[PDB]
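J.:
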Amino acid sequence: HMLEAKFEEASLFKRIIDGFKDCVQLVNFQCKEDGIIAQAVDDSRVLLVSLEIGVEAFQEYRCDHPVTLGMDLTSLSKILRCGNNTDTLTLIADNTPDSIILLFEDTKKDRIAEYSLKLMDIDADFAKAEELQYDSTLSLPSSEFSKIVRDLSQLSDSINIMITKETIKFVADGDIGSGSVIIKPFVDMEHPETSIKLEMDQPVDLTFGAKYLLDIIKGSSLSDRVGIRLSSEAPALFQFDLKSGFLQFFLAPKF
Amino acid sequence: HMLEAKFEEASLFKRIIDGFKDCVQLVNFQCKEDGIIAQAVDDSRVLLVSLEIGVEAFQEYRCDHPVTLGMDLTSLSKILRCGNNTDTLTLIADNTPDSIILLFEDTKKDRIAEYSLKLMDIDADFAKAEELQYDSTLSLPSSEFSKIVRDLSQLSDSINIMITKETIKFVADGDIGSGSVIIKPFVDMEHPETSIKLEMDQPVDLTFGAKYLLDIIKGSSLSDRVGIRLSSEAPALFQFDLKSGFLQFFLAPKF
Amino acid sequence: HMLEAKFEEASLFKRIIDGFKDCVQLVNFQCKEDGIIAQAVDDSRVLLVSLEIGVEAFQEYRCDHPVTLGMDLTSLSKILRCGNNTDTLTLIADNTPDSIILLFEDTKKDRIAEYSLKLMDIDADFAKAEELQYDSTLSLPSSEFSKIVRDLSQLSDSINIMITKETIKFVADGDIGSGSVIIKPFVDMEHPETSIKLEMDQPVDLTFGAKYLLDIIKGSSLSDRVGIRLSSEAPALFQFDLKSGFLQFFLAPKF
Ligand SMILES: [Mg+2]
Ligand SMILES: [Mg+2]
Ligand SMILES: [Mg+2]
């Protein structure tokens, strides 16, 4: 076929879609020689979600020329929980397709499950949105980021992020009280993956909608770490990196 | 109580009502397990305004069974400017209520302000009016839409909208002269939120009353973007999307 | 100059960078009185790469005080294939440099090639990550390790390593079938360098991403042997030893 994109772990594609599905209905997947880009805005038209999966993330990848797969994510995710986790998953399609074929292959025995999913026609033009320089760049465990966001969103729909020298501060003020989380750059010798990194070019003081942050943290499924890039000028970028790809969320400050 | 619908930002409900109040006197709010729908027609009986706020727009939401709140918007908006902006706001009511309780809670200190607003009895049957397919769908910054409408309404009470391939054209002819605004689909790399999207299934050539467009643009308060859906057959739909909801305006072409 | 670090074989520094360049974009080289440490994480933020080159690896070494050289590896490797292999290579820099000078000297005739490479500003804090004790330590030919990894990665993105008494077992289960490699500690009398050594303090059963293992094996360029240290508690350590240095990869198990 024209496109044959083989994930060795179907669970990888399931975790990708879990990064999207709770805040996006429709997603266009543009498949190219160098891999797959998907983009979608959330129902409120405030959050841009951008996925890039390069050729090397796949066991085998072939796509001579572009193919656009407009998919309903509620449909795709009834079917994406059809792997075994252990299954491989190949996305298969032809030119200007009307359906996408999801081919699950068992990695224990002799079983194939071929699904054909009806595609939808979607606009669709894409934003490659990341700036050349940001005011501050940081990274931390995505489980730590998720907890901070879940915790403070209990208090307020607005979470203020402040970056100062060697200081990252999240703050929310609610009717039952207030929360302030201060994290400092820290390299963990025993478990480096839990480190916190900060590069500050200038201080940042920006407020974000917690309801959007609660969508963003579902990228946790893809990466144990999250990179955050902040700018007084441009939307904030929240990035969950895969092996040969990433899931990006762009979000303007509230003010 | 039977209904307890907690906005974490009272300003959110104020901005919702600001979308309505200048063209609608009376509004029935139907509260359900999945959130709130309000509907009203303007005094001239030409513009239908439809609001839907889902459960997730609220910090906390409970409504076992339907509750209908007929409110005078001039009254509701003397009281809706009683929050601090920083206040939370819970709408509270019981079965077949005669009043609605607006409970504002301070997010800095220990203060509660409980208002009880007398309700009015209103008909009231609701139209879920959006079609399955439209001729053309587009979205743009609501501030850009507002400016175009404010600018051209200075010239004429009729604004013609024409959709052709990759072209959106607004036109007005007045006694002091004429205006033509042409916008083209454009994805902005640095500030995606300012992008213009167009999906044309067939060309459109429709004229609308500028006085109604000037009511519609007050939805600007709720969303930085506006979706517009146009049809030779059905009313035009102008849509301002919230986090877990929307404000919709339906408007027939003038001819 | 402040730093003058002379490799007698430019090919040595080329082989070092080949250990990094396919999984890391940017690398900070910290130069000190006792030699050079470089550290970088891969694009997915899962693999930590740590290089240490001591003074004795160099024909001549001088560096009174720290110097940090942030280098783009794609740039450094267009230039690092500028030696003849037979050339010596001196890295030269001054205090808080903006460029690094690579001075290649011919070991046959009278020729010097001086390159000046623009440096990049990088965070950069470093993890000295190795634990005091691991559950199991082993070493084997790096070409044997590479083959096992290349072979099993054809089958699966997950390679399970199990250590039991006098037994090292690598296993992968794929859609076309499964592979199990069992190696046993063995001292080779004729070619000791090909021996396999195992020290087991407790049994190990850990699964690793094959895509990361495929990055790690490129350390083959530096050493004919690889040491592996495994722990139920800490990341796995894969180590390629030079004369007076090493290249280390730290990698958490998949589960
Ligand atoms: Mg598997
Ligand atoms: Mg607040
Ligand atoms: Mg030589």
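Chains as they are written, first to last, in the deposited numbering: chain A, 0 to 254; chain A', 0 to 254; chain A'', 0 to 254. A prime marks a further copy of an entry chain.
Each residue gets a CB set at the ideal place from its N, CA and C atoms; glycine is no exception.
Looking at chain A', which residues of the segment 118-149 of chain A have a Cβ within less than 8 Å of any of its Cβ atoms?
T.: Listed by position along the chain: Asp-122, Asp-124, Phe-125, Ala-126, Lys-127, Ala-128, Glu-130.
J.: Determine whether the Cβ of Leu-246 of chain A'' lies closer than 8 Å to any Cβ atom of chain A.
T.: No, its Cβ sits nowhere closer than 8 Å to a Cβ of chain A.
J.: Counting only Cβ pairs nearer than 7 Å, list the residues of chain A'' close to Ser-230 of chain A.
T.: Those do not exist, as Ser-230 of chain A stays about 17 Å from chain A'' at its closest Cβ, beyond 7 Å.
J.: Closest by CA to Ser-74 of chain A'', which one among A'':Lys-108, A'':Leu-118, A'':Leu-90?
T.: Of the candidates A'':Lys-108, A'':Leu-118, A'':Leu-90, the one whose C-alpha sits nearest the C-alpha of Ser-74 of chain A'' is A'':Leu-118.
J.: Please compile the residues from chain A' whose C-beta is within a distance smaller than 7 Å of the C-beta of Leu-47 of chain A.
T.: Per Cβ cutoff of 7 Å: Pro-191.
J.: If I measure Cβ to Cβ from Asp-156 of chain A' and keep anything under 7 Å in the same chain, skipping five residues before and after, which residues do I get?
T.: Excluding sequence neighbours, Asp-156 of chain A' sits near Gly-208, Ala-209, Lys-210.
J.: Counting Cβ pairs closer than 8 Å, one from the segment 234-247 of chain A' and one from the segment 124-135 of chain A', do we hit at least three?
T.: In short, these stretches touch, since the Cβ pair count reaches three.
J.: Start and end of the beta strand (DSSP E) containing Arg-14 of chain A''?
T.: It is not in any beta strand (DSSP E) - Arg-14 of chain A'' instead sits in the alpha helix (DSSP H) that spans 9-17.
J.: Kindly list, in the order they appear in chain A', the residues whose Cβ is closer than 9 Å to that of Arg-61 of chain A.
T.: Those do not exist, as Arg-61 of chain A stays about 28 Å from chain A' at its closest Cβ, beyond 9 Å.
J.: Starting from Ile-100 of chain A'', follow its DSSP beta bridges and name the residues at the other end.
T.: According to DSSP, which records beta bridges pairwise, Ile-100 of chain A'' is partnered with A'':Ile-91, A'':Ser-115.
J.: When you compare the CB of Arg-224 of chain A' with every CB in chain A, is at least one pair closer than 8 Å?
T.: Answer yes: the Cβ-Cβ gap between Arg-224 of chain A' and chain A drops below 8 Å somewhere.
J.: Would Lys-253 of chain A'' and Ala-56 of chain A'' be called neighbours here (beta carbons separated by less than 8 Å)?
T.: Result no, Cβ atoms of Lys-253 of chain A'' and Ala-56 of chain A'' do not sit closer than 8 Å.
J.: Could you name the residues of chain A that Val-186 of chain A' contacts, counting a contact when the two beta carbons are closer than 8 Å?
T.: Per Cβ cutoff of 8 Å: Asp-124, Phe-125, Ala-126.
J.: Using a cut-off of 9 Å between C-beta atoms, extract the partners of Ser-43 of chain A located in chain A'.
T.: Within chain A', the residues near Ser-43 of chain A are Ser-222, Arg-224, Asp-240, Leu-241, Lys-242, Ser-243, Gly-244, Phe-245.
J.: Can you give the Cα-Cα distance for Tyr-114 of chain A and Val-148 of chain A, rounded to whole angstroms?
T.: Roughly 37 Å separates the two Cα atoms.
J.: Looking at chain A'', is there any beta carbon in it that lies within less than 8 Å of the beta carbon of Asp-105 of chain A?
T.: True, the Cβ-Cβ gap to chain A'' drops below 8 Å.
J.: Please look up how many angstroms separate the CB atoms of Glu-129 of chain A and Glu-59 of chain A, rounded, as I've assumed it's under 8 Å.
T.: At roughly 29 Å, the Cβ-Cβ gap does not stay under 8 Å, so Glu-129 of chain A and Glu-59 of chain A are not in contact.
J.: When you compare the CB of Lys-183 of chain A' with every CB in chain A, is at least one pair closer than 8 Å?
T.: Output row for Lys-183 of chain A': interface = no.
J.: Just list the residues that DSSP pairs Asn-27 of chain A' with in beta bridges.
T.: Answer is A':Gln-38, A':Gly-69, bridged to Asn-27 of chain A'.
J.: Along chain A, in chain order, which residues have C-beta atoms closer than 8 Å to that of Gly-208 of chain A''?
T.: What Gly-208 of chain A'' touches in chain A: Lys-242.
J.: What are the boundary residues of the beta strand (DSSP E) that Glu-198 of chain A is part of?
T.: Segment 196-199, the beta strand (DSSP E) holding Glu-198 of chain A.
J.: Given that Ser-155 of chain A'' touches chain A, what residues does it touch there, using C-beta distances under 8 Å?
T.: Within 8 Å Cβ-Cβ: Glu-7, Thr-106.
J.: Excluding the 5 residues flanking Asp-97 of chain A' on each side, which residues of the same chain have their C-beta closer than 8 Å to its C-beta?
T.: So the list reads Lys-117, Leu-118, once near-sequence residues are dropped.
J.: Check this for me: beta carbons of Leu-90 of chain A and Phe-248 of chain A, under 8 Å apart or not?
T.: Contact: no.
J.: Quick check on this structure: which residue in A:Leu-205, A:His-190, A:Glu-7, A:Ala-251 has the alpha carbon closest to the alpha carbon of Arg-224 of chain A?
T.: Per the Cα distances, A:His-190.
J.: Am I right that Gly-34 of chain A' and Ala-123 of chain A' are in contact with their C-beta atoms under 8 Å? What's the rounded C-beta distance?
T.: Contact doesn't hold; Cβ gap of about 17 Å is too wide.
J.: Residues of chain A with CB under 7 Å from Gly-218 of chain A'', in chain order?
T.: Correct list: empty, because the minimum Cβ distance to chain A is about 18 Å.
J.: Applying the criterion that 16 or more other CB atoms from any shown protein chain within 10 Å of the CB defines a buried residue, is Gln-38 of chain A buried or exposed?
T.: The residue is buried, with at least 16 neighbouring Cβ atoms inside 10 Å.
J.: Can you name the residues that DSSP bridges to residue 297 of chain A'?
T.: The structure shown does not extend to residue 297 of chain A', since chain A' is modelled only from 0 through 254, so no value can be given for it.
J.: Assess contact between the segment 79-89 of chain A' and the segment 199-206 of chain A, defined as three or more Cβ pairs (one per stretch) separated by less than 8 Å. Is contact present?
T.: Not touching, per the Cβ criterion.
J.: Mind checking who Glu-59 of chain A pairs with in its DSSP beta bridge?
T.: BP columns for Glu-59 of chain A point to A:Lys-5.
J.: Would you tell me roughly how many angstroms separate the C-alpha atoms of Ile-16 of chain A'' and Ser-76 of chain A'', rounded to the nearest one?
T.: Straight-line Cα distance between these residues: approximately 7 Å.
J.: Nearest by alpha-carbon distance to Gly-173 of chain A: which of A':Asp-109, A':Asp-93, A':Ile-99 is it?
T.: Closest option to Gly-173 of chain A, Cα to Cα, is A':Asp-109.
J.: How would you call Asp-41 of chain A, buried or exposed, if buried means at least 16 neighbouring beta carbons within 10 angstroms?
T.: By the 10 Å Cβ count, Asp-41 of chain A comes out buried.
J.: Name the residue from A'':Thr-166, A'':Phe-28, A'':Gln-24 whose alpha carbon lies nearest to the alpha carbon of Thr-95 of chain A''.
T.: Minimum Cα distance to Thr-95 of chain A'' is reached at A'':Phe-28.
J.: Just verifying my parser: in three-state terms, what is the DSSP assignment at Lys-77 of chain A''?
T.: Here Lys-77 of chain A'' sits in helix by DSSP.
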